[PDB]
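Descriptive structure summary
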Amino acid sequence: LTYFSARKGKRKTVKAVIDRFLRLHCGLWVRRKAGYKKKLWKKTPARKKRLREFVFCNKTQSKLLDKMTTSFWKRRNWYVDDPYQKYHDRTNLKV
Amino acid sequence: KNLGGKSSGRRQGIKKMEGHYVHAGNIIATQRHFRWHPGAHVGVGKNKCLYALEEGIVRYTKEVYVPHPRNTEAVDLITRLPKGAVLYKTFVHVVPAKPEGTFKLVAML
Amino acid sequence: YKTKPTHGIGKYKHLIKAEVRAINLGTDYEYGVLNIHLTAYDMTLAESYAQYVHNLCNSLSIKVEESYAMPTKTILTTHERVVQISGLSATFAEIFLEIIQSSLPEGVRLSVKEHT
Amino acid sequence: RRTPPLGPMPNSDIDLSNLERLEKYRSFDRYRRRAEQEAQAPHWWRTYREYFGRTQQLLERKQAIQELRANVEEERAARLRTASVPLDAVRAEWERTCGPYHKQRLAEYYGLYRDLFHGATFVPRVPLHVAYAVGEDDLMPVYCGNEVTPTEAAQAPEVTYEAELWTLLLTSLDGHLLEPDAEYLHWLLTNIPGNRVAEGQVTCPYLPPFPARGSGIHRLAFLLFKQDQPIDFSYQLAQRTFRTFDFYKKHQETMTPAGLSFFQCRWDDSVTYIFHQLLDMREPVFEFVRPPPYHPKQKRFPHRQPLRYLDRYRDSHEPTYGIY
Amino acid sequence: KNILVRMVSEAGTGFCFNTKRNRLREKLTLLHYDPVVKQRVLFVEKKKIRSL
Amino acid sequence: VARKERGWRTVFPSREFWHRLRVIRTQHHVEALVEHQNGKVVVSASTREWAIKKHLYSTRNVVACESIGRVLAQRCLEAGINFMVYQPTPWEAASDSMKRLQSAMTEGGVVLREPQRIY
RNA sequence: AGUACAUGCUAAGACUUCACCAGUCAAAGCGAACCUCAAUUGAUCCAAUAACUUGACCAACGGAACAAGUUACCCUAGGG
RNA sequence: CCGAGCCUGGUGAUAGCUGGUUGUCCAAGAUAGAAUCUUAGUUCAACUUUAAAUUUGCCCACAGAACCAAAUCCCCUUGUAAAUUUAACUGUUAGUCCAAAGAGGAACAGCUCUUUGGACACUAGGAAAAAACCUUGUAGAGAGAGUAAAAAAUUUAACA
Ligand SMILES: [Mg+2]
Ligand SMILES: [Mg+2]
Ligand SMILES: [Mg+2]
Ligand SMILES: [Mg+2]
Ligand SMILES: [Mg+2]
Ligand SMILES: [Mg+2]
Ligand SMILES: [Mg+2]
Ligand SMILES: [Mg+2]
Ligand SMILES: [Mg+2]
Ligand SMILES: [Mg+2]
Ligand SMILES: [Mg+2]
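Residues numbered from 1 in each chain as written, not as in the entry; some residues may be left out. Chains lettered and ligands numbered in written order. Part of a larger assembly, values for the part shown. Heavy atoms only, no water. Residues with missing side-chain atoms left out of burial classes, pairs and counts.

- For this entry, the PDB record names cryo-EM as the structure determination method and reports a resolution of 3.5 Å.

Structural data, given as structure tokens:
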């Protein structure tokens, strides 16, 4: 990514991450699984059940995505009818 | 002229060994051929992986082998045995520790 | 397991064989593989005598290899059956042969010829 | 590293050089049979059981068997598989001779001896029978092992047994509310003259059983003692509680049990009546509450887990907003 | 030798699922389960997807 | 509610039951047992018992099997065991006398199918 | 490759090729009857399609969307 | 200075390559591997550093771990003080030799390739000189003391 842009001197988000992932405000990143629409004629229904899921990322993976987007995407978004709205907080943690 | 054979290990074996306290659904042992046979509250998947079905303690015993008669290979191998010979094979059981649930007071009418 | 006291409680290939002249060395004298041609004019009598000689063979611990037959001949048709027999002692040879001699129903001839 | 075994090696005595001279498994059934007798036998390794565990009568029977098999009609009905057997005579002759053996089997299945007498088994010799009169038309038979609704058991039983004093206990070994060890009596008729019930000395009056709602089934044992010498004894639930073990121990010098019959009760409306009308009690309602399902410690970053992981650990399913 | 074909609903319109079928044998008419009607529905083969 | 030994999948018989009827047809006497999972015999029906033996012509035929079927179905009626999981081997299931035993079980009032556990 | 079209929908808990991506087993529930083999394989973007789906011997098989021989004229930064 | 002039500008072009990176003290601190137009390189990982929350970490004993030798896994007591998790980053990974279990090569190589255990890259005494062999480790001064390891032994053939 670009740490200092040539016009403003600001950090730039890579737009692949924005167009492919979802940020929860608790700090978790939601993604699809690779190849949920490719070659499912040869795929058993357990495998296409597993591939059709909203899957989280590892700690290092989530930090690598956090370093590749900026402070706009890290923010509390109070939408009207977001399906993922209930998942923005992490409850009953004992770490 | 020996091409191929660079496959890595399967990492199979015993996952939750005798004495380990095991809950429901945990894989006890993954095997390539039938090394073990299921016992009490123990299920088998399609790839011959062997899982616990109730919460408890995994124990290993060795018991009689009297298979299902539609499995003609083992039954025909039985009819190659002499009179005193009976196959013994290893079995996995889970002794259930936690009870079914408890009768408790709910409403006092 | 290899190190437990119960090692090899489930081995079975030592109990299974996963696989011809006479054996007369010095004291244990043994026949080879036999061929008993039960030839008769009737399928019924020859088949029944083959069944009965087979039932006396399996009840007296005699190894029976094959119970086949060769094709008949045009003449009246002559049927026959072959019962291969191995496992005898000299006293048992006398007794089994005289039982076969004394068990002939009607006009059926015998043979105890060797292989080939 | 091979170590010698502890006990005898199985499948070792038959290990000969000539297995063909030994007689052979022709069938599939002999093998499972033999495996069953050895599986019932104990071994020196770890097994499943360790963790989850005169002449005149014979002559008369032979004569009766010869006379019955000599009938042409019986053989003709047997070869055509049309013959039938009257169940009443067989049931009666079972009740005389070998009924008590099946009765100890059924009582030891129900845990009656291990808690009623703390493992002290006996032989209930007497072919006991009880019946609860339903309507004016029928009567429900209390033998051992059945189920009776407390509507049927609202009234005092009629007890029939062919014998010659006697004592009569009704025990609810599992109906206790406070103690997990005691039991509640319901009726106890001592000094029975012969086989008539009405002339006996009642100690505690008859009360219908109370299996509370959701408390499962309750077992009720009719315990019938022989009596040699007449012995004097003695709706509050604190007065209805005692243990049968020490109660039998206090009198066991001339006191031998000879009859058992146990049956089951479930919740119904007569149980509401038995708490409400003459006990003056609010009904305690029980439910079989399962333990909470397992979930592991909630990780910071649920790698490869689905989105539902944020609903495994959530207790209230409504949108919370925090400070806003 | 085999062709991956698409297997198209008679009822539960807009629902299709694919199978494998021989190059030489006859045209598939099958009883699958449609979750729109949530019943066993006869399906008819319309278009082949790819001959493998 | 109570657990069944749901495993023992590879081996015959399956132990996922509460009460098992096992019939051994010996050379002379045919017997049927009803058991718990503990291996303990709950209900016995034998032709080694004079009350049913004296009413039978031969202790082994279809007739003796039907008689002991009626007897054990009655016995389970007074014993309170109302539900079954019965596993015959496929060659014995095609036999006439034990399918008459199954018919006797059905007419007696003991269902040859235990209800599923509630989880 | 073969059989079958519940090779349906969901859903506790686990294994895992030493990471990741990938894969695997699955209690219970809804809805119903009453899979074998060991490898038998390919990610993203892009295209075809209203949709469900599909597309490489991308075999250099974690694949860049498409690019050969020769230099005793060779040159440059290094190593033996 | 022509296998393609020279000068200026783009241009501080580019290079995974070479070399260099400057005061003190203390403390912690060394060798799995998977990918990769990839083996001079990089990412993940293993190890390592700091801070924080919490409780078990290591050694382990009976029992236990499949059919076609050393051993290893699991593991209460005991000795011990460490471990897991969270927050945040850097840096190393053709290692070399010896003992042992193996393979290739000549059952040569200071030759190459796996596994277990040491040692060297961290102090010292000894074996002649000595990265790897034996003894020995946590730091200073003494013109005190007890020790460890520590020196190669061999010299022969008459015959009735
Ligand atoms: Mg290999
Ligand atoms: Mg490898
Ligand atoms: Mg892995
Ligand atoms: Mg299921
Ligand atoms: Mg490549
Ligand atoms: Mg490659
Ligand atoms: Mg530069
Ligand atoms: Mg230091
Ligand atoms: Mg390089
Ligand atoms: Mg431990
Ligand atoms: Mg010191």
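A look at the overall build of chain C
- Counting its secondary structure elements, chain C contains two helices and six strands.
- When the elements of chain C are put in sequence order from the N terminus, they spell out β-β-β-α-β-β-α-β.
- In summary, chain C has a C-alpha radius of gyration of 20 Å against a globular reference of 13 Å for 116 residues, an excess of more than 25%.
- Summarising its shape, the C-alpha atoms of chain C cover approximately 70 × 30 × 25 Å along the three principal directions. (Helix = DSSP H or I, 4+ residues; strand = E, 2+ residues; numbered from the N terminus. Rg over C-alpha atoms; globule rule 2.2 N^0.38 Å.)

Some points on the packing of helix α5 (residues 87–96) of chain D against helix α2 (residues 62–79) of chain F
- One way to put it is that α5 of chain D packs onto α2 of chain F with a least axis distance of 11 Å and a crossing angle of 60 degrees. Considering their axes alone, α5 of chain D and α2 of chain F lie oblique with respect to each other. Considering how the two elements wind past one another, α5 of chain D and α2 of chain F form a crossing that is right-handed. Across the interface between the two elements, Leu87, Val90, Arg91 and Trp94 of chain D of α5 of chain D pack against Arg70, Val71, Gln74, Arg75 and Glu78 of chain F of α2 of chain F.
- Grouping the constituent residues of the contact of α5 of chain D with α2 of chain F by class yields four nonpolar, one polar and four charged. (Axes fitted to C-alpha atoms, helices over the stretch in contact; angles between N-to-C directions. Parallel < 35°, antiparallel > 145°, perpendicular 65-115°, else oblique. Left-handed = near helix turned anticlockwise from the far one by under 90°. Contact = heavy atoms within 4.5 Å. Nonpolar A, V, L, I, M, F, W, Y, C, P; charged D, E, K, R; others polar.)

Some words on the interface of chain D and chain B
- Taken residue by residue, the interface counts 37 residues in chain D and 37 residues in chain B.
- At the boundary of chain D with chain B, total buried surface from both sides reaches about 3,400 Å², with 65% on carbon and sulfur atoms.
- It is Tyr25, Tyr31 and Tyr51 of chain D that lose the most area in chain D upon contact with chain B, and together they represent 20% of the buried surface on that side.
- Counting every contact that joins chain D to chain B gives one salt bridge.
- Residue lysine 83 of chain B pairs with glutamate 23 of chain D through a salt bridge whose shortest N-O separation is 3.8 Å.
- Linking chain D to chain B there are 14 residue pairs in polar contact. (Buried area = accessible area lost by both parts, 1.4 Å probe. Salt bridge = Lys/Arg side-chain N within 4 Å of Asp/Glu carboxyl O. Polar contact = N/O pair within 3.5 Å; in protein donor to acceptor, adjacent residues only side chain to side chain.)

Structural notes on the protein's contact with RNA strand H
- Close to RNA strand H lie 29 residues; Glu18 and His20 of chain B, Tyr1 and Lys4 of chain C together with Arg1 of chain D are nearest.
- Backbone sugar and phosphate groups make up 65% of those atoms of RNA strand H lying within 4 Å of the protein.
- Between RNA strand H and the protein, one listed contact pairs a sugar or linking oxygen with a side-chain N or O atom of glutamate 18 of chain B at 2.7 Å.
- Within the side chain of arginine 35 of chain B, an N or O atom sits 3.3 Å from a base nitrogen of RNA strand H.
- Only α3 (59–66) of chain A together with β7 (56–64) of chain B provide two or more residues apiece to the surface near RNA strand H. (Near = heavy atom within 4 Å.)

Quick notes on a positive patch on the surface
- A contiguous patch of positive charge, built from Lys38, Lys39, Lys42, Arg47 and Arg50 of chain A, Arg304 of chain D together with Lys20 and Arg50 of chain E, is present on the exposed surface.
- Along the chain, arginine 304 of chain D turns up in the loop between β11 (284–289) and α10 (309–312). (Patch = residues over 30% accessible without salt bridge, like charges linked within 9 Å, V, L, I, M, F, W, Y side chains within 5 Å. Areas by Shrake-Rupley, 256 points an atom, 1.4 Å probe, with all protein chains shown as cover. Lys, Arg positive; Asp, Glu negative; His and termini not counted. Charge placed at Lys NZ, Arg CZ, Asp CG, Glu CD.)

Some thoughts on the sheet that holds strand β2 (residues 30–35) of chain F
Residue and element names in this part refer to chain F.
- Read across the open sheet, the three strands follow the order β1-β2-β3; overall the sheet is antiparallel. Only two strands of the sheet have a single neighbouring strand rather than two, namely β1 (20–25) and β3 (41–46). Neighbouring strand axes in the sheet, compared pairwise and without regard to direction, differ in orientation by 15 degrees on average.
- As paired elements, β2 and β3 share five bridges and run antiparallel to each other. Pairing of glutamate 31 across the sheet is with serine 46, part of β3. (Pairing = 2+ DSSP bridges.)

Quick notes on the packing of α2 of chain F against helix α4 (residues 96–108) of chain F
Residues and elements named next belong to chain F.
- The N-to-C vectors of α2 and α4 enclose an angle of 30 degrees; their axes lie 8 Å apart at closest approach. The angle between α2 and α4 falls in the class roughly parallel. Between α2 and α4 lies a crossing of right-handed hand. Within the contact between the two elements, α2 uses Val62, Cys65, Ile68, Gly69, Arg70, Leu72, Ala73 and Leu77 and α4 uses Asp96, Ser97, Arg100, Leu101, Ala104, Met105, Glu107 and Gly108.
- A per-class count over the contact of α2 with α4 returns nine nonpolar, three polar and four charged.

A short note on the sheet that holds strand β8 (residues 88–96) of chain B
Residue and element names in this part refer to chain B.
- Taken together, four strands build an open sheet; the order of strands is β2-β7-β8-β4 and the sheet is mixed. Looking at which strands have only one partner, the edges of the open sheet turn out to be β2 (21–22) and β4 (37–38).
- As paired elements, β2 and β7 share two bridges and run antiparallel to each other. What sits directly across from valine 22, in β7, is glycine 56.

Some remarks on the protein's contact with RNA strand G
- In the vicinity of RNA strand G there are 61 residues, among which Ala34 and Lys38 of chain A, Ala24 and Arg32 of chain B together with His32 of chain E approach most closely.
- Backbone sugar and phosphate groups make up 75% of those atoms of RNA strand G lying within 4 Å of the protein.
- In this structure, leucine 40 of chain A approaches RNA strand G through a main-chain N or O atom, which is 2.8 Å from a phosphate oxygen.
- At 3.5 Å from a base nitrogen of RNA strand G is found a side-chain nitrogen or oxygen belonging to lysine 49 of chain A.
- Here the surface near RNA strand G takes six residues from helix α2 (residues 45–51) of chain A, the largest share from any one element.

A short note on the side chain of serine 44 of chain F
- Mapped onto the elements of the fold, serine 44 of chain F is located in strand β3.
- For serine 44 of chain F, a relative accessible area of 18% corresponds to the buried category.
- In this structure the side chain of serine 44 of chain F is engaged in a polar contact, spanning 3.3 Å, whose partner is the side chain of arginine 105 of chain D.
- Setting aside anything within four residues of it in sequence, one finds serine 44 of chain F in contact with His102 and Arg105 of chain D together with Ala32, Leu33 and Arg75 of chain F. (Buried < 20%, exposed > 50% of the residue type's maximum accessible area, 1.4 Å probe, protein only.)

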